[PDB]
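In what follows, a single structure is set out as structure tokens and then discussed.
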Amino acid sequence: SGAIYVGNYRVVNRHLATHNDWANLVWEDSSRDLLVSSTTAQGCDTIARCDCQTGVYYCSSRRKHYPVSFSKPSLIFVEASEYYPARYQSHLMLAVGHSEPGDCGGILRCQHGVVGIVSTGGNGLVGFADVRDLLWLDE
Ligand SMILES: CSc1ccc(Br)cc1CC(=O)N1CC[C@H](C(N)=O)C1
Ligand SMILES: [Zn+2]
């Protein structure tokens, strides 16, 4: 689990959104596994606006933050799970690292701020849903 809190927005994995996030929906995209809902309180996360390919992510299944190299956002085939059938997920970045289903939501950060959140994984890989292209999160 986990979320990004920027301005009056809450960014979570779409598959983990609560009935309350859907009522306060701003934007969602099943193909990106992202949902953004409105908040009453102002958030303090800064979103990165960069092309960094190295960063640090939080892995809740290890209670550890790991430095990683990750690929640029791309369209990647993602195996079936209890939340989606087998499909291509867009704006996804992969890294070699540990992840379990409940790690989704953990933040990936570079020197510029938040890059994205854990969204996919398994077999020694971890995938992150990029948020750096969502320029509107800043206004
Ligand atoms: C970090 S996700 C993960 C990790 C290890 C294993 Br094995 C399997 C997973 C995959 C997983 O459960 N999902 C849920 C939905 C998500 C998606 N974005 O399609 C992928
Ligand atoms: Zn950066």
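By the numbers in Swiss-Prot, the shown part of chain A spans 869-1007.
Determined via X-ray crystallography, 1.5 Å.
A Cβ is built for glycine as well, from the same backbone N, Cα and C atoms used for every other residue.
Counting every protein chain shown, 16 other Cβ atoms lie within 10 Å of the Cβ of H883 (active site, for protease 2A activity). The active site, for protease 2A activity annotation in Swiss-Prot covers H883 (among others) and is backed by similarity to another entry.
DSSP assigns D901 (active site, for protease 2A activity) to coil, not to a helix or a strand. Spatially close to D901 (active site, for protease 2A activity) yet at least six residues away along the chain are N881, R882, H883, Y952, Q957, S987, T988, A997, judged by Cβ distances under 8 angstroms. The active site, for protease 2A activity annotation in Swiss-Prot covers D901 (among others) and rests on similarity to another entry.
Taken from Swiss-Prot, the feature active site, for protease 2A activity covers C972 (among others). With a 10 A radius on its CB, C972 (active site, for protease 2A activity) counts 24 other CB atoms from all the protein chains.
What Swiss-Prot records for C918, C920, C978, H980 is Zn(2+) 1 binding site, and it gives similarity to another entry as the kind of evidence. Following the DSSP three-state reduction, the secondary structure of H980 (Zn(2+) 1 binding site) is coil. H980 (Zn(2+) 1 binding site) has a Cβ environment of 15 other Cβ atoms inside 10 Å.
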From the centroid of the CB atoms of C918, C920, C978, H980, the recorded Zn(2+) 1 site, which same-chain residues not already listed sit within 8 A by their CB, in sequence order?
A916, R917, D919, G923, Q979, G981, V983, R1000
Measuring Cα to Cα, how many angstrom lie between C920 (Zn(2+) 1 binding site) and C972 (active site, for protease 2A activity)?
21
Recorded positions whose CB lies under 6 angstroms from ligand 1, from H883, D901, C918, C920, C972, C978:
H883, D901, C972
Nearest-integer angstrom distance between the alpha carbons (Cα) of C918 (Zn(2+) 1 binding site) and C972 (active site, for protease 2A activity):
22
In whole Å, how far does the CA atom of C978 (Zn(2+) 1 binding site) lie from that of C972 (active site, for protease 2A activity)?
18
